[PDB]
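Below is one structure; the comments refer to it alone.
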Amino acid sequence: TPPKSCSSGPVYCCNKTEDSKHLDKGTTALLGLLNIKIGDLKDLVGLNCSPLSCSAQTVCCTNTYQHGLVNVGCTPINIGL
Numbered sequence: 011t012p013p014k015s016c017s018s019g020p021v022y023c024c025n026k027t028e029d030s031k032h033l034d035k036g037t038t039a040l041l042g043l044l045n046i047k048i049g050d051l052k053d054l055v056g057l058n059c060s061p062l071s072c073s074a075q076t077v078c079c080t081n082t083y084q085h086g087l088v089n090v091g092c093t094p095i096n097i098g099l
C-alpha cells in the first residue's frame with residue numbers, strides 16, 4: 011500500500027486559502043468569472059495551488083480549475099509526522 015492522505019485527489023500546496031463563507035471581492039469575482047456558484051461551495055477556496071514540500075497551505079480539494087488558479091472544496095491536511 012502507498013501512503014495516503016486525501017480521500018480524493020493529490021495533496022495541494024496553495025499560496026492562499028480563504029473560508030468559502032468569507033471570500034474577498036477579488037476572489038468572489040474570480041470565481042464568478044469561472045462560473046463557480048459560491049452558495050454551493052463548502053470549506054476553503056484555494057488560490058494558486060499546485061499538487062504535491072510546501073511553505074504555504076497544504077490542503078485536500080475536490081476540484082482545481084485553470085491549472086490551480088482556483089481550487090474549491092479545500093480542507094487542511096497534515097502530511098508530516
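Numbering (PDB author numbering), first residue to last: 11 to 62, 71 to 99.
We treat Cβ as the ideally placed atom computed from N, Cα and C, and that holds for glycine.
Note that the C-beta distance between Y22 and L62 is below 9 Å. For the pair of segments examined, the stretch 45 to 56 was found not to touch the stretch 11 to 21: the number of CB pairs separated by less than 8 Å stays below three.
DSSP places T37 in the uninterrupted alpha helix (DSSP H) bounded by 35 to 43. Beta-bridge pairing by DSSP links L54 to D29, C92. Cβ-Cβ separation between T27 and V77: approximately 6 Å, consistent with a contact (criterion under 8 Å). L41 sits close to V90, with the two beta carbons spaced by under 9 Å. Residue range 75 to 78 is occupied by the beta strand (DSSP E) that includes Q75.
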